[PDB]
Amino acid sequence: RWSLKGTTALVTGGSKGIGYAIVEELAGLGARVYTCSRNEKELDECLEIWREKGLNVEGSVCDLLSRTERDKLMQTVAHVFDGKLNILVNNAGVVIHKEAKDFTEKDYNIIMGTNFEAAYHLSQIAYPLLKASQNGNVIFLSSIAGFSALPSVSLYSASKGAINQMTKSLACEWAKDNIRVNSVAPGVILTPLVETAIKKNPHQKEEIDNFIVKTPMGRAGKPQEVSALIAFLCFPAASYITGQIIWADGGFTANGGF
């Protein structure tokens, strides 16, 4: 009821950030985990670090922006888990910081492609694998940016809106198939995604600091504070929860004028 012992999981983008915390969380609870990123060297250091802790994790290098690579990854995962998937976490995603009128066609292709299209497409080709397990969970990762507008990430927000709506549809269409579908939508979590952005441009430093002051709790979240909810939603204890988007944001989205 509160264990993932003997479950199979695919977590996309698990070499850093929230994704690293998620594979360590599910694998600690007893899941067989498979993950992926775009740097084999980085992916390798992870597999060794995880192998040293007694965590049962596998992985391969995959750019999720390519349809044929998504097709291949799922073949691998089907062979390794023997045609059975319990959990799919569509964690991987990217952000680009510009004004709404400056985003290009290529930015559009990068953001919607990895943040929405890849995530949705994996959910499609995973369906039969999750169905065959009879206890399937699809978790998408949204954002506070999928609630109200934030500066410099308009096109990112749009992609998180597609995710939020896609969550509801899959939840209703697949519930009869014993698959539950939810999104976890973080506040500011201090990861590479934010550190790279604020290193690049001190205007992004500004914006982030002001997201944290807006956060009633007055601090950025920790990756594990997000993976904890992601783990819970996969517990059989969570068997009536589907179609939900839940913010883990320190009260950010509850805050109107504080």
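For every residue, the number given is its place in the sequence shown, counted from 1.
Per the entry, higher mean C-alpha B factor between 221 to 229 and 59 to 67
Higher of the two, by average CA B-factor, is 59 to 67.
Which has the higher mean CA temperature factor in the PDB entry, 191 to 199 or 29 to 37?
That would be 191 to 199.
Which of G93, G161, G83, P186 ranks first by CA B-factor in the deposited coordinates
Of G93, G161, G83, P186, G83 has the highest C-alpha B-factor.
Looking at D177, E99, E117, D107, which one carries the largest C-alpha B-factor according to the PDB entry?
That would be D177.
When the modelled residues of the chain are sorted by Cα temperature factor, does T12 land in the lowest, middle or highest third?
It falls in the top third of the chain.
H79 CA temperature factor, ranked by third within the chain
Its C-alpha B-factor, which the entry lists for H79, ranks in the highest third among residues of this chain.
Within this chain, which third does the Cα B-factor at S142 fall in: lowest, middle or highest?
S142: CA B-factor falls in the lowest third of its chain.
Taking the chain's C-alpha temperature factors as the reference, tell me which third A238 falls into: lowest, middle or highest.
For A238, the deposited C-alpha B-factor lands in the lowest third.
Which third of the chain holds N182 when residues are ordered by C-alpha B factor: lowest, middle or highest?
Ranked within chain, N182 CA B lands in the lowest tercile.
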